[PDB]
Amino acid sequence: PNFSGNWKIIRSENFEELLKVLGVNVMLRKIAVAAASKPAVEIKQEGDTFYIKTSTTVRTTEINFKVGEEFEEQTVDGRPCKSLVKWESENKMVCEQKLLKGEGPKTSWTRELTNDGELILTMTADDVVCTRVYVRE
């Protein structure tokens, strides 16, 4: 496997629908959709240790985590949560998220490495799944 690399997006579906579900307002959703159009994803994997940077021209996020070990990050909409990543399999990690404070839709995300040079990111907010596909830059 090895997720390491710079990734660029090629396909995306249900991203706005996912934001609507998380109650992001129309103005913020418009900015998010425009910015998520050309992100730059940098991933660094050394064993079960990952570093994932996701840059856009308006908002950038960086996560550091070790698989199977709980850590703190934020939901797509900017809410702080407790996250635990695990290997569903050799090439697919799954992440369950739990909100530190407040109520909200149930969220998670998965990252998978295909055998043909793609990285698939799925993000779920209750019953809405956004799928984004990337290739090495």
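All residue numbers are counted from 1 along the displayed sequence. Rigid core (definition): largest C-alpha set, two forms, superposition within 1.5 Å.
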Core-fitted comparison in 4 other deposited structures of this protein, 1-9 vs 127-135, farther C-alphas: 1-9
Comparing 57-65 and 38-46 where Cα RMS over structures and residues is taken in 4 other deposited structures of this protein (core fit), larger one: 57-65
Comparing 98-106 with 42-50, the one whose average Cα B-factor in the PDB entry is higher: 98-106
Between the two ranges 62-70 and 108-116, the one averaging a larger CA B factor in the entry: 62-70
Chain-relative CA temperature factor third for residue 75: middle
Residue 28 - Cα temperature factor, lowest/middle/highest third of chain: lowest
Cα B factor band for residue 131 (lowest, middle or highest third within the chain): lowest
CA B-factor ranking of residue 93, expressed as a third of its chain: middle
